[PDB]
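# Structure assessment
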Amino acid sequence: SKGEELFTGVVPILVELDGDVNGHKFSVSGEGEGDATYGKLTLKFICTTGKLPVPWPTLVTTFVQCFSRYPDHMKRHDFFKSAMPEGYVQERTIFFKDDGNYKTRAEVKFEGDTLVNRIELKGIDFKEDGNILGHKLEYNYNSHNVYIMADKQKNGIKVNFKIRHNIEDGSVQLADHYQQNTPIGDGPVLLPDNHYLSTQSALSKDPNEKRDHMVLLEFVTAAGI
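Anyway, here's the lowdown on the structure attached to this text. (Residues numbered from 1 in each chain as written, not as in the entry; some residues may be left out. Heavy atoms only, no water. Residues with missing side-chain atoms left out of burial classes, pairs and counts.)

This paragraph deals with the nonpolar core. Ranked by internal contacts, the top residues of the largest apolar core, which has 56 residues, are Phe45, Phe63, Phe67, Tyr102 and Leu115. The dominant element in this core, judged by the number of residues it contributes, is strand β1 (residues 11-21), at five residues. Non-local contacts of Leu115, meaning those with residues more than four positions away in its chain, are made with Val11, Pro12, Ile13, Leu14, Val64, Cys66, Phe67, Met84, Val108, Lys109 and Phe110. (Core = buried A, V, L, I, M, F, W, Y, C linked by side-chain atoms within 4.5 Å. Buried < 20%, exposed > 50% of the residue type's maximum accessible area, 1.4 Å probe, protein only. Helix = DSSP H or I, 4+ residues; strand = E, 2+ residues; numbered from the N terminus. Contact = heavy atoms within 4.5 Å.)

Structural data, given as structure tokens:
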């Protein structure tokens, strides 16, 4: 396919987010690199408007699936890379159990040789005293499976999954994800058979960094075929 060749080495990544959660406005910038050969991502995010109003972990999923490692035998199912360099639109709705929801819209594509993820986030109906606004989530992250399916009507894919956020009291915060991706260009893309992505992520901090930020290491590989 098209994009395949674009991912053959380490690619620099730029992440830009504009958000509003219950009237609290904020901006985030992130930079790093991805190496789809190992399904590996390394990023650092910085809250540019000051203190992040929600917990960092809640934004992970929002902050580039084209960096997933697809095994040789599954290359024909890699929609993400097939949409490059023109890119794709990724939209979601994220429902926090017994809490508010996030609505996101992003464009992911290449600007020169940098892979760009530009997002607009809108959060509503959050409880001022819930796990999100109340900042009760631990600073860590779990492994998940992300289910993918073809959408022949929109020439895209539909994706669904649940994230499990650990709460400081030992409990769990569920986050139901509903997602749609559609190509930006008019060129051909690869529509996949049902399959899934297996994820793992580690969160850390930069000891010498005074701004509000998050350091992220993540591995993702496709499976189920």
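Scanning the entire structure with this criterion turns up eight salt bridges. A salt bridge links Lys44 to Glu209; the shortest N-O distance between them is 2.9 Å. Residue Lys44 is classed as partly exposed on the basis of its relative accessible area, which comes to 22%. Note on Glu209: relative accessible area 14%, which makes it buried. Its salt-bridge partner being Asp78, residue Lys81 comes within 2.8 Å of it at the nearest N-O pair. Given the relative accessible area of 7%, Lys81 is considered buried. (Salt bridge = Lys/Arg side-chain N within 4 Å of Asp/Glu carboxyl O.)

All right, on to the environment of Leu6 then. Take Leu6: it is sitting in the segment before β1. Overall, the relative accessible area of 34% leaves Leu6 in the partly exposed class. Along the sequence, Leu6 and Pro57 sit 51 residues apart, while their C-alpha atoms lie 29 Å from each other. In this view, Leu6 contacts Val11, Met84, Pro85 and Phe110; residues no more than four positions away in its chain are not counted.

This paragraph deals with the packing of aromatic side chains. Evaluated as defined, the whole model comprises twelve aromatic pairs. With a centroid separation of 4.2 Å and an interplanar angle of 10°, the aromatic rings of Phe45 and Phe63 are classed as stacked. Of this pair, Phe45 sits in strand β3 (residues 40-47) while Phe63 is found in the loop between β3 and α1 (79-82), placing the two residues 18 residues apart along the sequence. Look at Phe95 and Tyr178: their rings are 5.8 Å apart centre to centre, the planes differ by 80°, and that puts the pair in the edge-to-face class. Remark: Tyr178 occurs in strand β9 (residues 172-183) and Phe95 occurs in strand β4 (residues 88-96); sequence separation between them is 83 residues. For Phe95, a relative accessible area of 41% corresponds to the partly exposed category. Three or more aromatic residues joined by ring pairs make a cluster, and in this case those are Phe7, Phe67 and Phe110. The positively charged end of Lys81 is found above the aromatic ring belonging to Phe7, 5.6 Å away from the centroid. (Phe/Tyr/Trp six-rings, centres within 6.5 Å; stacked < 30°, edge-to-face > 60°. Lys NZ or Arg CZ within 6 Å of the ring centre and 35° of its normal.)

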